[PDB]
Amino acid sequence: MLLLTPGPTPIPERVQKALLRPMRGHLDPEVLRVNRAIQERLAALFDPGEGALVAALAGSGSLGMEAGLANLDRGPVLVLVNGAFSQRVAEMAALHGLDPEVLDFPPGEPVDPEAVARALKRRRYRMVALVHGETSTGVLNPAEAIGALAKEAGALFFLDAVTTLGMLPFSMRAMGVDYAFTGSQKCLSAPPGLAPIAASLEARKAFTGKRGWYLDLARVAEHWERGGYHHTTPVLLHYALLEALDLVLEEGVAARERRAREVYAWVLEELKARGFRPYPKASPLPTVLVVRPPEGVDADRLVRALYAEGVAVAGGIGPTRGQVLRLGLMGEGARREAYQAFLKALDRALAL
């Protein structure tokens, strides 16, 4: 089953094999040093700035998302929405009483900085939340510009980097980000179960909220910074993430962005040749190709057909449920060979 879902992603033998290494306690100095190494690799990708909290939470990307909200002392929070996942952010903010304010943009269209700027003048915000690459629509948002605006309005900048960290240009310092996170199974090509996070110094000062125990970043810091006991960690996953991080760094994000952009380009031409149409109206996300099937072809049915043909892709989600095919070009998904196989399966699927 070729894995072309825009998360989880294919795992390199080298990484998955790391899960075979001898099991150890979560407080074993060796594991503590493995955790130290992980922080250093993640810092090279995150570029978080001194005094920042860098860790890998024991959960999926969503845990990382909620941790960046549940610990916030207060709202209001300007949630920039243009997709299913920024919608999830607003959903979590509301749940936690951060009195979120939604600034909506049409699915398939990028968030507009000019619009953001005007919204920031209307009220004072403690935090502004954005999703770097909106997986549900295949849209890349202008985070660097947004971050500059947030800093001007004196608001913390929360950024979902699931579809970008490890594959596209990323830097918290450069984008003025106060909180970033991803999942171990995204562009990092590691097995799912961990959620790398990064909280700047200013984020930590504002993170005095106490609404959850498991996701309390203060408790998390005690283990990741001081080696104290918070809760038992998925040690084996830690092994795999460290190995996965070395792999990413050996290649370098520049080369990884090229892989994605190149394949994205010809796959779209191949799909347009077959009647498909790109979903994003502008500012496409290189790591996730989202397309509408040919007229008269049911997207979800096509996903089921592709599965039967040996290839797993994703259907739409949130605003695009039942309307598209979402193709992963994150990590090992972004491979010429993988997509040539996908096209063979697609043709078999379309013939039925």
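Note that residue numbering follows the sequence shown and begins at 1.
- As recorded in the PDB entry, 119 to 127 is the stretch of 175 to 183 and 119 to 127 with the greater mean C-alpha temperature factor.
- Comparing 46 to 54 with 305 to 313, the higher mean C-alpha B-factor in the PDB entry belongs to 46 to 54.
- Within the listed group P234, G275, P100, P192, the record reports its top CA B-factor for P100.
- The entry lists C-alpha B-factors for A203, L268, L188, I197, and the highest of these is at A203.
- In this PDB entry, the Cα temperature factor of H96 sits in the top third of its chain's modelled residues, the highest group.
- Sorting the modelled residues of the chain by their CA temperature factor places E40 in the highest third.
- In the deposited entry, the Cα temperature factor of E222 sits in the top third of values across the chain's modelled residues.
- Among all modelled residues in its chain, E295 ranks in the highest third by Cα B-factor.
- Among the modelled residues of the chain, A260 sits in the middle third by CA temperature factor in this PDB entry.
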